[PDB]
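Heads up, the thing below is written out as structure tokens.
A, B, ... follow the sequence lines: proteins, then strands. Residue 1 opens every chain.
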Amino acid sequence: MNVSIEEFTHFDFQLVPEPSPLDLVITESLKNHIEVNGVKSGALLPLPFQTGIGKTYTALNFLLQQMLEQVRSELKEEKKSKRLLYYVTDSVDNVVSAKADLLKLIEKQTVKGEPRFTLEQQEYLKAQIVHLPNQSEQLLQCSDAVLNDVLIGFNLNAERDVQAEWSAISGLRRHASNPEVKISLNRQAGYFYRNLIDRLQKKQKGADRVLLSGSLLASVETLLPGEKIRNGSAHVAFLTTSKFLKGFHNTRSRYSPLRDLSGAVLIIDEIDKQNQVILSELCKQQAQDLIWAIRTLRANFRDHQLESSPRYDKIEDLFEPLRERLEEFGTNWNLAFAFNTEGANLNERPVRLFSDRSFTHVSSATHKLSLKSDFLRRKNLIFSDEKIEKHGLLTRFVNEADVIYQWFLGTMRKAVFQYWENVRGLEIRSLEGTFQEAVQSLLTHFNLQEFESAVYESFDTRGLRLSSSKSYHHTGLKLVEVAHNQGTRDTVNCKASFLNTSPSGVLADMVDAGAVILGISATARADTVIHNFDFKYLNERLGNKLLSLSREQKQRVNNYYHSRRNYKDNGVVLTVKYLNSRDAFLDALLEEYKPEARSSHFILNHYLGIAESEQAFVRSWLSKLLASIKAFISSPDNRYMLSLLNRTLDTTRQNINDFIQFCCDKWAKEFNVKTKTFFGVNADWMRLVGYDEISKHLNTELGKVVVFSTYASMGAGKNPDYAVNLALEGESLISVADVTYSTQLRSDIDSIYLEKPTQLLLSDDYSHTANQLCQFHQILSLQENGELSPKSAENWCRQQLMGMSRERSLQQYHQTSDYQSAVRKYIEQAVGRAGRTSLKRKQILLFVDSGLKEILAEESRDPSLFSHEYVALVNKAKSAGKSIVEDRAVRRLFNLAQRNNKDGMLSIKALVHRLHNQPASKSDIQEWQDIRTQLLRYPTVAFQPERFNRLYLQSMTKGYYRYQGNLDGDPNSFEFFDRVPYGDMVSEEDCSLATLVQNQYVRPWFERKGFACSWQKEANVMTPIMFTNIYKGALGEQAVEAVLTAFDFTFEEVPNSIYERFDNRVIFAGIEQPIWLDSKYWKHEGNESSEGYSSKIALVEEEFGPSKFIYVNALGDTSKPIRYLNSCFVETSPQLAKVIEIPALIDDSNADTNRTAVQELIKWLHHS
DNA sequence: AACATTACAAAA
């Protein structure tokens, strides 16, 4: 019967096989993480292990060592739960093959020549590994006996609706004909598995829970592999990325690994493609109607209450601010009425709004759309005003509704956590165990059950969660469609689709949740945010949790690779050629193809079926290809050629194939070498005769082979190598390693042709909304990294919302260096997946589309870990000298300066708008004071900021820079640094700080408050918006406050009714009338109207009655007269004036206080 | 007037 853990008692856990340098790399990198950080902290380790070097062997050996560590810990600690281990990759085939190789490694591992594990130990180790396929394949791999046992054991054998479905599926199973039956069988398998597992979980949740043991337990574990994980029988899981993201079922519920990642280990193969896989999963979420959701939340949170039992302790306080916000919002926007549209152009096309939620907002409407409540009609109408009214906009309403909805979801997450805490306290059982019960209890107390599904999905994508850091990767985007409701022509809905995080945010969340992640890929650290994770963001967010290899470790890996791929010492030569298009060569070949035709254009248009418009394009990619083939046929020693194109040569282009075939035959006859061709070698072809035919032909026939495939067809685990027959091959082969004829003798592709990859922007074919979200995510990621300026990104977003074509999106993308990095990544993967063996020809021919040369000449990374073919390509490209290109870092600096300035401008405008809205909030006052305090304390910072990163920009100079833009105009038109040699300059001298602090009163105040008296010469300096609108005002306010306090004045906090209208209130000698103060840092024109000042004064007196008003200037010339003004800002006598103006408190020539002005102010107060 | 495609996973 099943092997037990008591069979490892005499096993020695210190005896290990001789470790390869890669194993040392992994272990040495991971040990310093446990030293520097703790044992409970996660890590992210990207390992650039290229294919053929033994990366799968290394990963599986690491996994086996983790298994042995778990067994040793269990023996020593004789009940801690098992540490979960996951092997994740994109493809199902790679998962199955990796599990097979792990089992083989367990079976056939030897130490010092003796077998490492006994039969019982081998069986026990194999019992801990489980594979989690999709539900259809899970059902179809279970025998009828197992399913009958499961149905009998759970009393489902008499339900009719269950037995009919199972009988139908069994009948389909016993009649497995051509795949026409198989598609239907798979669909019904999925549906039946869903229904059966739902019923089983419902039965197990209730009181009449079936006891599982013996044969029933075995059958259930066969049907539900996750039950093995839940019980503790297994702790190693092989699964795909999508399966990992969705989760798997056990007898209780659906287990989500993302919610239980503390302590787990992930081995992610081909990590850089998981970015695209995760994005595709994220873009499939369900859209929400915001009007319905907000109306439901407002209606149900008005009255319904939670129970006051100890299980709900301090949970009700989590929801009170949401209730107040909902009630205020519903009062403001009149949610008692339904919504509709009226006007021209609002009916033919629905309204589309896009928001990045911070500073990028785009609308499909040509004119701003307004929102007005008609009380006579009892309606909320969306208008188009053909004539700025801040209140009453559709964008404001949509943004606030989205904020409230996300707030509700986050509060539900917090309440679930609190409920788990309380339940742990009482019944003394994990977070994943009480999650569903908590959600159900909370939603049924509030009568909000219809949000159930939504909440679950939220906890999937935001239950994985240093706060005021701003980044697209953890805020996301929102796409809203306003359109008429279905079936009714007088109401509208606002369907919103969200991306609450990017794939990089998901990865950072997993690392911060305590998971240790090993990402294995040769292009793991590529410089693309489209085809890879954003590693700048990951670095910023993780710090030392993002591990890396030292120079010595990299050199060890390089030495190992060179020792296993010694080319130079074994006489292997890589010949690289760049092929330009040749019109005369193709013309001659075409004329020979059809000698009776008049011109080659006639043959192209009529015989090959090429439309006249596309002929030129076909004349470029054909001739080049043909040229390569010719150079392959005239080569004597070469046998195997792979041609990587962008389009497959299936029967759809059959005519073209014939032409190529003709040419091949001719060239064969010209060079007396047999040549076989394999057209249309794609994935469906491999599902049929499966690339074994090419290997057999190379093994049994003495001719050349040319294979026509694409980049997409050559996956990670395709392995295009053949068995060598030394009779057919001459003496050309060379062994480049030191292994003693390891097992079979295999060779690889010998000649390769590479085309320039084309469709390098991702797309989603799941639905129109998923594709829209994918495109918007790509634009926003490019803006976040700095590849795009905010103006270019906003224009691109506007075009995407208008609905442009893919060609225009590709043209937009081609202007970025991210595009070149993606091209080079594709080339590197292509040349790396073709050197998987150790037997090499005398000459290896690389033929490259010439359009790649200018790209490949721009490679600048360390070639310490590049493959030999890639190094040869780069050297051949660079052999043409150097070309003048724009530095990526400098352009990114300019773009990021513009981005930070624009974000700061829009954020400051929104904050000021929220402040001038009575009644104000308290978080807004806190944010305003925190911004001012941070700028005062740290005008410049040395390290990259974390909490206030958008208040600063990185300048090429230290402590100062130049700019030219209108701070009250368009944020997209700002220019920075050397682009504006003569422009407004931001530094310590332009703010007159040094002269200000020289005064005897302000300086002690600055010291006791901690404010900087000078600017450190640093690279991070505040953006122009904060320098002009925040920093100078703070300097003036602090100087005035210090000067007045030194003269025995008292200050109190301004209340929210008049906030930001006046900085402080003056209290002196107990004058019972209120005194109001407003300061300007230096002499500047009063752009605010005198009527505006009168409006402010009248508004203030409307709440506080008569009072005194002071307008003071902190710094200036102290010889100017002291003015008295009336409510209309007209000069009046001191016996009737209400406004007192102080031109300067400290002189700008000697930093001397205007004590005469202070004495006159004191006398004025005594005259009141 | 730009650019010029295939491939996959979990299903409900």
Side-chain angles (χ1 to χ4, degrees), chain A residues 88-96 132-140 165 183-198 239-249 254 256 270 273-274 276-286 453 457 460 610-611 613-622 644-650 652-653 680-687 708-718 755-767 770-771 796 799 804-815 819 823 826 830 849 851:
Chain A
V88 194
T89 188
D90 40 337
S91 204
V92 174
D93 280 4
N94 300 354
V95 165
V96 179
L132 306 152
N134 63 90
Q135 290 170 344
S136 325
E137 313 304 349
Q138 195 41 66
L139 187 84
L140 257 48
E165 219 176 346
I183 322 288
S184 31
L185 182 55
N186 266 122
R187 296 179 98 268
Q188 317 318 308
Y191 284 111
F192 179 61
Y193 195 95
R194 179 177 137 51
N195 288 13
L196 176 67
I197 297 305
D198 192 3
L239 67 181
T240 55
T241 303
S242 45
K243 188 71 188 191
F244 185 89
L245 290 174
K246 286 151 164 355
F248 41 94
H249 282 304
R254 182 144 201 151
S256 192
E270 284 325 291
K273 201 203 177 321
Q274 316 308 310
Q276 152 167 35
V277 177
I278 294 168
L279 177 63
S280 92
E281 256 88 76
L282 290 167
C283 286
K284 273 166 205 155
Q285 66 143 228
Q286 264 264 333
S453 35
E457 323 296 359
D460 292 332
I610 301 330
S613 54
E614 46 176 344
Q615 287 209 355
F617 179 49
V618 190
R619 282 179 146 273
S620 57
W621 75 254
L622 241 188
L644 285 166
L645 308 174
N646 294 293
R647 65 214 67 84
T648 176
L649 300 191
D650 40 16
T652 310
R653 317 171 204 262
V681 178
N682 55 355
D684 318 68
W685 187 83
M686 280 151 216
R687 272 184 273 288
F708 295 92
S709 217
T710 58
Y711 291 105
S713 302
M714 302 285 117
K718 252 68 174 203
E755 215 193 1
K756 179 163 153 188
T758 52
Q759 303 252 8
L760 281 195
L761 267 191
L762 322 169
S763 44
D764 216 354
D765 68 16
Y766 178 80
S767 74
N771 191 53
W796 187 352
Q799 276 171 304
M804 52 160 156
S805 73
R806 176 134 178 107
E807 303 90 56
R808 291 293 190 190
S809 321
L810 289 164
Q811 174 191 22
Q812 290 300 126
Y813 182 46
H814 290 7
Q815 312 309 314
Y819 168 64
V823 154
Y826 273 75
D849 194 323

Counting the atoms with a prime plus P, OP1 and OP2 as sugar-phosphate, which does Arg808(A) contact under 4.0 Å by heavy atoms, base, sugar-phosphate, or nothing?
base
Quiz item: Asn134(A) side-chain donor-acceptor pair to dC8(B) base, under 3.5 Å:
no
Between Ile183(A) (CD1) and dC8(B) (P), how many Å, whole number?
14 Å
Length of the line joining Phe248(A):CZ and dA9(B):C1', which is rounded to integer Å:
17 Å
Among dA4(B), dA9(B), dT6(B), which is the nearest nucleotide to the side chain of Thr710(A)?
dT6(B)
Could you check whether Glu755(A) pairs with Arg647(A) (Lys NZ or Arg NE/NH1/NH2 to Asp/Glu carboxylate O, under 4.0 Å)?
yes
Regarding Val277(A), tell me which of base, sugar-phosphate or nothing describes its non-hydrogen contacts under 4.0 Å with the strands shown.
nothing
Using a 4.0 Å heavy-atom cut-off across all strands, classify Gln759(A) as base, sugar-phosphate, or nothing.
base
If you draw a 6.0 Å radius around CD in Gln286(A), do more than 12 non-hydrogen atoms from other residues or ligands fall strictly inside?
no
Is there a side-chain polar atom (N or O) of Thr758(A) under 4.0 Å from OP1 or OP2 of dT5(B)?
yes
Any base atoms under 4.0 Å from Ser763(A), or only sugar-phosphate, or nothing? Heavy atoms, all strands.
base
When you get a sec, tell me which of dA10(B), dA7(B), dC3(B) is the closest nucleotide to the side chain of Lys243(A)?
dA10(B)
Once you round it to whole Å, what is the distance between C1' of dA12(B) and CD of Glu457(A)?
13 Å
Contacts of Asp93(A) and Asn186(A) projected onto DNA chain B by closest heavy atom; the upstream (5') one is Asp93(A)
Applying ring-ring contact (aromatic ring centres under 6.0 Å, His included), can you list everything that pairs with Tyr813(A), at least two apart in sequence or on another chain?
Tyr819(A)
Return yes if some donor-acceptor pair links the side-chain N/O of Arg194(A) with the main-chain N/O of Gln135(A) below 3.5 Å, else return no.
no
If you compare every side-chain N and O of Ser136(A) against the phosphate oxygens of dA11(B) (OP1, OP2), does one of them come in below 4.0 Å?
no
Donor-acceptor check, side chain of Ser709(A) to backbone of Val681(A), threshold 3.5 angstrom: yes or no?
yes
Against the side chain of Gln811(A), the closest entry in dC3(B), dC8(B), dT5(B) is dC3(B)
Quick check on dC8(B): is either OP1 or OP2 less than 4.0 Å from any side-chain nitrogen or oxygen of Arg687(A)?
yes
Length of the line joining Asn94(A):CG and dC8(B):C1', which is rounded to integer Å
12 Å
Working for side-chain contact (heavy atoms from CB on, under 4.5 Å), residues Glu137(A) and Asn186(A):
CA-CA 7 Å; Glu137(A) 313 304 349; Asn186(A) 266 122; 3.2 Å; yes
Mind calculating the distance between CD1 (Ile197(A)) and P (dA11(B)) to the nearest angstrom?
11 Å
Between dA10(B) atom P and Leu140(A) atom CG, what is the distance in whole Å?
14 Å
Per atom distances to the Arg647(A) side chain, the nearest of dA12(B), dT5(B), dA10(B) is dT5(B)
Have a look at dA4(B) and give me syn or anti from its glycosidic angle (syn if within 90° of zero).
syn
Closest to the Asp684(A) side chain, choosing from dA10(B), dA11(B), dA7(B):
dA7(B)
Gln135(A) side chain, from C-beta outward: closest of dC8(B), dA9(B), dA12(B):
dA12(B)
Nearest to side-chain heavy atoms of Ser713(A), which nucleotide of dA9(B), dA7(B), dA4(B)
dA7(B)
To the nearest Å, give me how far apart CD (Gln286(A)) and P (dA11(B)) are.
17 Å
Quick one: which of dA10(B), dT6(B), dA9(B) gets closest to the side chain of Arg653(A)?
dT6(B)
Kindly point out which of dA12(B), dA7(B), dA9(B) is positioned nearest to the side chain of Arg254(A)?
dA12(B)
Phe708(A) CZ to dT5(B) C1': how many Å, rounded?
18 Å
Indicate yes or no for a side-chain donor-acceptor contact from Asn646(A) to the backbone of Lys756(A) under 3.5 Å, with no hydrogens or angles considered.
yes
Side chain of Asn682(A): nearest nucleotide among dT6(B), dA7(B), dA9(B)?
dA7(B)
